[PDB]
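To start, the structure under review is shown below, and the notes come after it.
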Amino acid sequence: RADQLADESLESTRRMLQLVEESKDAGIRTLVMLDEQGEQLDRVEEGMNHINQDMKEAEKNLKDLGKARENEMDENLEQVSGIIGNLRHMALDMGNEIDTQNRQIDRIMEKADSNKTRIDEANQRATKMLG
Amino acid sequence: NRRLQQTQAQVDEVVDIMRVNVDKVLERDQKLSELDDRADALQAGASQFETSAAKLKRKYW
Amino acid sequence: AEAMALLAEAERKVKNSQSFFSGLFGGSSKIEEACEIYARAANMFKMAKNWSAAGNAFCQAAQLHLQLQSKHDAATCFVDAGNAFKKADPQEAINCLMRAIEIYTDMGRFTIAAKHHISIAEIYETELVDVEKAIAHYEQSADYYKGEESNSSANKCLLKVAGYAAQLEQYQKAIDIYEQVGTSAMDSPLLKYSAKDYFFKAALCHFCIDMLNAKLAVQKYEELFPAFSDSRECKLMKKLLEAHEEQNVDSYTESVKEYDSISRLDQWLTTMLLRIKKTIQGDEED
Amino acid sequence: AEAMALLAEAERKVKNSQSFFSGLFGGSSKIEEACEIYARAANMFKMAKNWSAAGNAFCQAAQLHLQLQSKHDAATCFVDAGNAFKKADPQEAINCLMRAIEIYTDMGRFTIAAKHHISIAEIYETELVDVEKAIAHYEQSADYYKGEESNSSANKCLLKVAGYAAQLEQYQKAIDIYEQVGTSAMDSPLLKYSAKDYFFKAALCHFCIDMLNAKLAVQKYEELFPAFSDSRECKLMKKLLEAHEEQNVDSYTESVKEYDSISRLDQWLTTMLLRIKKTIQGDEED
Amino acid sequence: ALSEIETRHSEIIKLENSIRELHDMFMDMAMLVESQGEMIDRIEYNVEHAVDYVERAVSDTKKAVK
Amino acid sequence: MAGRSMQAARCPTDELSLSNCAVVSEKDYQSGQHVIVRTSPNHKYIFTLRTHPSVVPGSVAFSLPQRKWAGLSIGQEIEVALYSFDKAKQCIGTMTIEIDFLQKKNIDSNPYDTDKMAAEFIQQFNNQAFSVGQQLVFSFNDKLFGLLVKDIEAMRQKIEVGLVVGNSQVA
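Chains as they are written, first to last, in the authors' numbering: chain M, 17 to 83, 141 to 204; chain K, 29 to 89; chain H, 8 to 293; chain G, 8 to 293; chain L, 191 to 256; chain A, 1 to 155, 169 to 184.
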């Protein structure tokens, strides 16, 4: 048991790597997207802004027209440590991407709604002058 | 030796980092989930405006 | 701006005009005016946290919107009604949502239809406790997701389907669902990661087979010992298969106690593991 | 509410009005009515799971939409049809997508064009099994991504290109891609750790060179000893470079067996490693 | 010294333990973020396209007054 | 007397668990009668009844060993019919038994006088039914064993099932 633990747990330290390494792989796909999506939402936000503009004009037109075993076991830890730093790297990129976009969602939701109203009002004045 | 009894918290601390990382992302899911029902539903009304604006074109233009 | 007053005037205008009122033109807008009224009512109803009334109010503005020809913004109202009743104290949360999907479906909006479809199957289970219909919805919903290229979500629902299917005796149908969701997961080497647990669940689900359906399912599983994710799936399974094939309700009951260390056993696993723990003793005493 | 009926009415209205029925103003509105008809049909064909019919229906509404002068919302239909045919039983899946890209591409929409371009190269591989055509698409698509300063997606495609390029035979053409995707990866400290595997792949790929292209590619790599990420990259490579430069196919196959412990190997690696195993055996008995 | 060798193991496992679970989170993570990634691919679609529907409307309205 | 449906149950107390007798209710059968349990068209077994104020009317309780031998389950449907032995051919006179420690939990190498066993064996299992290949438990000096009938001889014709009496020898 004594050795079945100083080695088995040692295998866990070795595994402790792929465990925190597979996490990076899982983090990459996330970050890679969070970044890709970040730029996407930029062109997406343009939509809420593009519509925000046109609607103003559209409304006006509708208004104008409407009217050594332990030595290694100690090293593996250092390995985990070096990787722990990485976990911080992603934790920040993921964090700064989350907070920057959440607030972006706010602006999107705002303008999107603001324009929704203009569409409804215009749709109630246009539907009548149909055909 | 001591590194073992020590490094133990070097991860228990990260276990907390992800605990928030898993939550942060999930919080965005709901923010984007609702935005998915108000943004898509938004253009839905725009479709009504596209049809209305198209007809006002075949009568006054 | 009295609530019940708005509810009254809204009724005063929600009706085909006639006499001098009808005048020259009809009133396709009257009905819309009424919708806006009831909405204004449900607003203050949601204010005083009287939700119930708010929901019943939205049901009115929504039903009226249909009598105007505007399925879109109408269905959205049915959603508002559902959210109200849901968070509210009465029921109706099920009716509004059904009346919402029929619209998102007929119109041509399956993305959102499935979005509310999962909410539905989720309520019909955690509330009404009607799994026989919940599964039906979880499934049809996953089908819609699987047609929107939306793979993940589709699987999200499938997991629910099989998950609650095995908790209803449908053990075999469950392993089959796990096989499908397992095959439609390898195509994405970005899912390789979760495709394990599926094999674990599927190997655990037993329709009382006398062959080695599990010893075979664990074999089909490509695993390498040095692997880590994998050690959290088949490794345990093998030991459980041996403890079953040897009618030993001790090695199994102790292996499930050990694995519970390296990997915490959720509710599901627990319930099923106990079902197998009884199949062993039952086979000992058969 | 019958699809078969709608498909008929649509036809009756989709046709450049003739005689008195035409007059002066064309049928720019009629063609649109037909599009709406077929759309409604494709819709109920999708709830019925008749997919085939759904897809062909969308194809109709789409083609007609083109006959209306609205490439945008048309192409959109082409995509819907593609999503139908894909999760269906007939073909057309490849045709609809090409018909969609020709539009997003000539309309000024490369972002989405590449989005479907990769989908295409993905289907032409996971279905048609046409690697050479798929590579061509993964490549031309990565050019667009890299143009939309989406380096990230660009590389996502390049990895595909090189990856399957080494499987076909193009070992050299593979390393070149790994070199490019490797130089354009260091400019982003968010890919440093991943930049290893690239050098591992590029060093593994051999176009039957006699020099030390690999012994040089491994040297170009910057590694030390107290690094653990790098441990899963070149450290092994050198051992393999020595097992190749000494025609010892048991030390190569023994080291692959050891490395398969600290970092479990995948299908790709396996296939290539065996290829290198055979080059060694073939140099021994010669 | 045994005592230290046994106490060592005790702390090592308690460490090994906390580790395995943290790994469990990423697994579920990659399954969540991806399930959300597809929920955005349609957004970008419905957005830049809605810009076309609105653009076509605002244009027709202008040429309906001049 | 033609046969009736019953429901298998668990043995009331341990005392009746060492008698190797099917415990029944006093509202159905009576102590001293014999029955033939039927689990399937090709599985017939014979036991001895022993009433008890705990058994519920319309059900027969069996011990752990019996359930393993007859392959019975707790809560299954079985048909029980009164069986009448023939004291002209089923009278046991020489029955060989295969004894061995029931529970491998307490296995010793101490000596056990057989003469004393055969004496207490008939003094407890008299006027009962025993079949070839049957499995039961023997309480000898607070020690539990696992008997296994190998051969039965009447008073020499080898029979399948017999009835142990007072003048019955055991090996």
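Just so it is clear, CB atoms sit at the ideal spot from N, CA and C, and this is done for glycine as well.
Item	Value
Using the beta-carbon of each residue, which ones in chain K are nearer than 7 angstroms to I119(H)?	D65 and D68
Between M182(M) and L63(K), is the Cβ-Cβ spacing less than 8 angstroms?	yes
So, does the stretch 92 to 102 of chain A touch the stretch 4 to 19 of chain A, judging by three or more C-beta pairs under 8 angstroms?	no
Roughly how far, in whole angstroms, is the beta-carbon of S77(H) from the beta-carbon of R210(L), given that I think they are within contact range, below 8 angstroms?	Not really, about 55 angstroms apart at Cβ, beyond 8 angstroms.
Using a cut-off of 9 angstroms between C-beta atoms, extract the partners of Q34(M) located in chain H.	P233, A234, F235 and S236
Find out if the Cβ-Cβ distance for the pair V37(A), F47(A) is shorter than 8 angstroms.	yes
Given a cut-off of 8 angstroms on the beta-carbon distance, is the pair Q36(K) and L222(L) in contact?	no
State yes or no: is the C-beta of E99(G) within less than 8 angstroms of the C-beta of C66(G)?	yes
Could you compute how far the alpha carbon of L82(A) sits from the alpha carbon of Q30(A)?	11 angstroms
For residue 327(G), which option in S195(H), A15(H) and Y151(H) has the closest C-alpha, if you only look at C-alpha atoms?	Since the first and last residues shown for chain G are 8 and 293, residue 327(G) lies out of range.
Give the straight-line distance between the Cα atoms of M6(A) and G58(A), rounded to the nearest whole angstrom.	5 angstroms
Just to make sure I have the definition right: I need the residues of chain L whose C-beta is within less than 8 angstroms of the C-beta of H79(G). Which are they?	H239 and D242
Which residues share a DSSP beta bridge with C91(A)?	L176(A)
Verify the CB distance criterion: does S24(H) have a CB-CB separation below 8 angstroms to chain L?	no
Would you check if the stretch 41 to 58 of chain K and the stretch 214 to 229 of chain L touch, i.e. whether three or more CB-CB distances between them fall below 8 angstroms?	yes
Using Cβ-Cβ distances below 8 angstroms, what residues of the stretch 262 to 277 of chain H are close to chain L?	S268, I269, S270 and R271
Whole angstroms is fine: what's the gap from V137(A)'s alpha carbon to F62(A)'s?	13 angstroms
Buried or exposed for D242(L), going by 16 or more other Cβ atoms inside 10 Å?	buried
Using a C-beta to C-beta distance shorter than 7 angstroms, which residues of chain L count as neighbours of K52(K)?	Chain L residues near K52(K): none, gap ~11 angstroms exceeds 7 angstroms.
Using a Cβ-Cβ cut-off of 8 angstroms, state whether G204(M) counts as contacting chain L.	no
Tell me which same chain residues have a C-beta within less than 6 angstroms of the C-beta of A9(A), skipping the five on either side of it?	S59 and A61
Could you pull out every unbroken beta strand (DSSP E) segment of at least 3 residues lying fully inside the stretch 105 to 135 of chain A, listed in chain order?	128 to 131
Counting Cβ pairs closer than 8 angstroms, one from the stretch 190 to 205 of chain G and one from the stretch 243 to 253 of chain G, do we hit at least three?	no
Residues of chain L with CB under 8 angstroms from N158(H), in chain order?	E228
Tell me where the beta strand (DSSP E) around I78(A) begins and ends.	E77 to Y83
Under the DSSP definition of a beta bridge, which residues are partnered with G146(A)?	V137(A)
Considering only DSSP beta bridges, list what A9(A) is partnered with.	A61(A)
For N63(G) and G154(H), I'd like the C-alpha separation in whole angstroms.	15 angstroms
Between the alpha carbons of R282(G) and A91(G), how many angstroms are there, rounded?	40 angstroms
In the stretch 188 to 206 of chain H, which residues sit with their C-beta less than 7 angstroms from some C-beta in chain G, listed in chain order?	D194
Could you please give the first and the last residue of the uninterrupted alpha helix (DSSP H) stretch that includes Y152(G)?	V138 to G154
Look at the alpha carbon of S35(H) and the alpha carbon of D96(H), and state the distance between them as a whole number of angstroms.	35 angstroms
By the criterion of Cβ-Cβ separation under 9 angstroms, what are the contact partners of residue 112(M) in chain H?	Chain M lacks coordinates between 83 and 141, the interval that contains residue 112(M).
Could one say the Cβ of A72(K) lies closer than 8 angstroms to chain H's Cβ atoms, at least one of them?	yes
Do you know offhand how far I38(G)'s Cα is from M114(H)'s?	20 angstroms
At which residues does the alpha helix (DSSP H) containing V60(M) begin and terminate?	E24 to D80
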